[PDB]
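Residue numbering for the sequence shown is 638 to 701, 703 to 716, 719 to 913, as defined by PDB author numbering.
Every residue gets a Cβ at the ideal spot worked out from N, C-alpha and C, and that includes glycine.
Read the structure below first, then the notes.
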Amino acid sequence: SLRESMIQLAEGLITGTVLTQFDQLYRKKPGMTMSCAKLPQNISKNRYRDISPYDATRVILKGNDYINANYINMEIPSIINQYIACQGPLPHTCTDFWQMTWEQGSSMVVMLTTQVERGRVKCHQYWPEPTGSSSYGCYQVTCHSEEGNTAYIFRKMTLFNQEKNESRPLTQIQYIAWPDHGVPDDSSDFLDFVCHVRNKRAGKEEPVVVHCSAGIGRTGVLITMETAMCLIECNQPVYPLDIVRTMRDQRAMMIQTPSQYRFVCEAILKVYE
Numbered sequence: 638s639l640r641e642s643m644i645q646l647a648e649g650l651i652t653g654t655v656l657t658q659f660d661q662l663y664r665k666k667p668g669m670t671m672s673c674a675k676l677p678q679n680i681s682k683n684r685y686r687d688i689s690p691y692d693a694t695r696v697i698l699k700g701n703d704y705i706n707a708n709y710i711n712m713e714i715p716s719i720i721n722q723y724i725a726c727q728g729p730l731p732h733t734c735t736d737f738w739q740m741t742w743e744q745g746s747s748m749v750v751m752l753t754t755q756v757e758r759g760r761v762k763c764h765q766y767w768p769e770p771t772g773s774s775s776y777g778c779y780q781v782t783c784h785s786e787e788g789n790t791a792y793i794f795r796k797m798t799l800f801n802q803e804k805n806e807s808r809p810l811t812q813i814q815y816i817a818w819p820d821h822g823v824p825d826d827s828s829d830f831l832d833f834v835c836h837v838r839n840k841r842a843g844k845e846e847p848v849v850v851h852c853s854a855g856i857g858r859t860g861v862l863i864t865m866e867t868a869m870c871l872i873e874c875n876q877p878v879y880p881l882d883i884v885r886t887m888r889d890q891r892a893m894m895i896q897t898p899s900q901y902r903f904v905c906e907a908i909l910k911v912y913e
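Next up, the structure:
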């Protein structure tokens with residue numbers, strides 16, 4: 638039943654069949670509106686012209703209203721993991737980033753990119769250097785710790801709301817060993833990272849925020865890995881094509897390239913062994 642799903646997946650990477658099947662799945666769920674991202678006021682809060690959030694599942698700021707961010711909820715048959725999948729903050733949407741995190745009650749922010757891959761700004765540094773604080777509107781982030789190996793970094797922070805005189809604790813995990821070109825050769829450092837993400841998620845019932853640069857590629861990989869890992873614990877079949885379909889119903893284009901899909905498929909099969 639699960640073993641049957643992993644023979645189909647294994648013969649599909651030999652077969653060459655799962656890359657073929659990947660190319661058929663839609664990128665945008667037909668008929669889902671994405672026309673806020675295209676409103677004159679909101680266009681410049683988007684990192685790419687062609688990565689917009691579905692109106693139907695976008696995260697709505699209490700301000701007004704817009705951030706490039708969607709709720710993604712992943713149900714496990716027979719546990720509904722909540723995420724907010726979002727782009728990496730731009731310089732001018734940093735206050736929006738922290739407004740979202742506060743209002744949705746997140747206590748964990750998973751960052752899947754470095755700030756400058758090749759010679760390009762992929763994400764704005766929206767948190768202060770350790771021992772530091774910085775202000776984003778009425779929110780003040782102060783950062784206590786920075787510990788991590790050559791593959792990932794854990795930052796312990798306090799996020800403080802000055803408008804509501806209150807402060808919550810907050811943990812950011814950043815995976816810093818993604819290659820500039822393509823996908824990792826060995827998934828073993830990434831897999832370890834995903835486990836950490838799960839230990840600290842725990843049985844908390846709030847969205848974990850997860851971003852890369854556009855918040856569709858690596859972000860889809862991370863959510864596809866954590867889903868696949870609970871499917872396995874519950875003895876449920878694992879069909880990577882269907883995990884992406886569920887994701888894509890909730891944010892367009894999750895898992896961007898064939899190579900990332902191949903990565904997630906080969907990762908899942910190595911995790912099952």
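Short check: CB of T811 to CB of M748, under 9 Å? Residue numbering aside, residue 811 sits at position 171 when the sequence shown is read from its first letter. Residue numbering aside, residue 748 sits at position 108 when the sequence shown is read from its first letter. Yes, the pair counts as a contact, with Cβ atoms nearer than the cut-off.
For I680, the first and last residue of its enclosing beta strand (DSSP E): The residue given as residue 680 occupies position 43 in the sequence shown. Where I680 is concerned, there is no enclosing beta strand (DSSP E), given that its DSSP letter is neither H nor E.
Can you tell which of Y792, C734 and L799 has its C-alpha closest to the C-alpha of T754? Along the sequence shown, one-based indexing puts residue 754 at 114. Closest in C-alpha terms to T754, from the list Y792, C734 and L799, comes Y792.
Cα-Cα separation, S785 to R795: Taking the first residue of the sequence shown as position 1, residue 785 is located at position 145. Taking the first residue of the sequence shown as position 1, residue 795 is located at position 155. For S785 and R795, the gap between their C-alpha atoms comes out near 5 Å.
Can you tell me which residues form a DSSP beta bridge with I697? Numbered from 1 along the sequence shown, position 60 holds the residue referred to as residue 697. As DSSP reads the structure, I697 sits in a beta bridge with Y704.
Just how far apart, CA to CA, sit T782 and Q814? Start at 1 with the first residue of the sequence shown, and residue 782 comes out as number 142. Start at 1 with the first residue of the sequence shown, and residue 814 comes out as number 174. Approximately 17 Å, taken between the alpha carbons.
On the DSSP bridge assignment, give the partners of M865 in chain order. Here residue 865 is taken as the residue at index 225 of the sequence shown, counted from 1. Answer is none; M865 lacks a bridge partner.
In the DSSP assignment, what are the bridge partners of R808? Along the sequence shown, one-based indexing puts residue 808 at 168. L799, per the DSSP bridge assignment.
Need the endpoints of the alpha helix (DSSP H) that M751 sits in, please. Position 111 of the sequence shown holds residue 751. In the DSSP assignment, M751 falls outside any alpha helix (DSSP H) and lies within the beta strand (DSSP E) extending over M748 to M751.
Beta-carbon proximity check, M894 vs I710, cutoff 9 Å: As a position in the sequence shown, residue 894 is number 254, starting the count at 1. As a position in the sequence shown, residue 710 is number 72, starting the count at 1. Yes, the pair counts as a contact, with Cβ atoms nearer than the cut-off.
According to DSSP, residues forming a beta bridge with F833: To locate residue 833, count along the sequence shown from 1; it is residue 193. For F833, no pairing in a beta bridge is given by DSSP.
Nearest-angstrom Cβ-Cβ length linking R684 and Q739, presumed shorter than 8 Å: Your numbering for residue 684 matches position 47 in the sequence shown. Your numbering for residue 739 matches position 99 in the sequence shown. Between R684 and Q739 the beta-carbon gap is near 18 Å, outside 8 Å, which marks them as no contact.
To the nearest angstrom, report how far apart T741 and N801 are at their CA atoms. The residue labelled residue 741 in the question sits at position 101 within the sequence shown. The residue labelled residue 801 in the question sits at position 161 within the sequence shown. Approximately 11 Å, taken between the alpha carbons.
Quick one: grab the DSSP three-state call for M887. By 1-based counting over the sequence shown, the position of residue 887 is 247. Three-state DSSP puts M887 in a helix.
Between which two residues does the beta strand (DSSP E) holding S775 run? Taking the first residue of the sequence shown as 1, we reach residue 775 at position 135. Residues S773 to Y776.
DSSP three-state call for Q661: helix, strand or coil? Residue 661 sits at position 24 when you count from the first residue of the sequence shown. Here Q661 sits in helix by DSSP.
What do you reckon, are the CB atoms on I714 and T867 nearer than 9 Å? Within the sequence shown, numbered from 1, the residue matching residue 714 stands at position 76. Within the sequence shown, numbered from 1, the residue matching residue 867 stands at position 227. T867 is positioned such that its CB atom lies closer than 9 Å to that of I714.
Residue closest to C734, alpha-carbon to alpha-carbon, out of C874, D832, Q890 and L698: Here residue 734 refers to the residue found at position 94 when the sequence shown is read from its first residue. Of the listed residues, the one whose Cα sits closest to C734 is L698.
So, helix, strand or coil for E713, using DSSP? Taking the sequence shown and counting its residues from 1, the one referred to as residue 713 is at position 75. If DSSP states are grouped into helix, strand and coil, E713 belongs with the strands.
In terms of DSSP beta bridges, what is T859 paired with? On the sequence shown, residue 859 is found 219 positions in, with the first residue counted as 1. Its beta-bridge partners do not exist; DSSP assigns none.
From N875, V884 and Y879, pick the residue whose C-alpha is nearest to that of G649; which is it? Indexing the sequence shown from 1 puts residue 649 at position 12. Closest option to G649, Cα to Cα, is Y879.
Less than 9 Å between the C-beta atoms of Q900 and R858, yes or no? Start at 1 with the first residue of the sequence shown, and residue 900 comes out as number 260. Start at 1 with the first residue of the sequence shown, and residue 858 comes out as number 218. Cβ distance < 9 Å, so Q900 and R858 count as in contact.
Which residue wins for smallest C-alpha separation from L862, given the options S672, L799, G788 and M712? For the purposes of this step, residue 862 is taken as residue 222 along the sequence shown, with counting starting at 1. Per the Cα distances, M712.
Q722 to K844, Cα distance in whole Å? The residue given as residue 722 occupies position 82 in the sequence shown. The residue given as residue 844 occupies position 204 in the sequence shown. So the alpha carbons of these two residues sit roughly 10 Å apart.
Simplified DSSP state of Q755, which is helix, strand or coil: Indexing the sequence shown from 1 puts residue 755 at position 115. When secondary structure is reduced to three states using DSSP, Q755 falls in the coil class, being assigned neither helix nor strand.
Using the Cβ count rule (16 or more neighbours within 10 Å means buried), how would you classify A817? Mapped onto the sequence shown, residue 817 falls at position 177. Answer is exposed; the Cβ neighbour count stays below 16.
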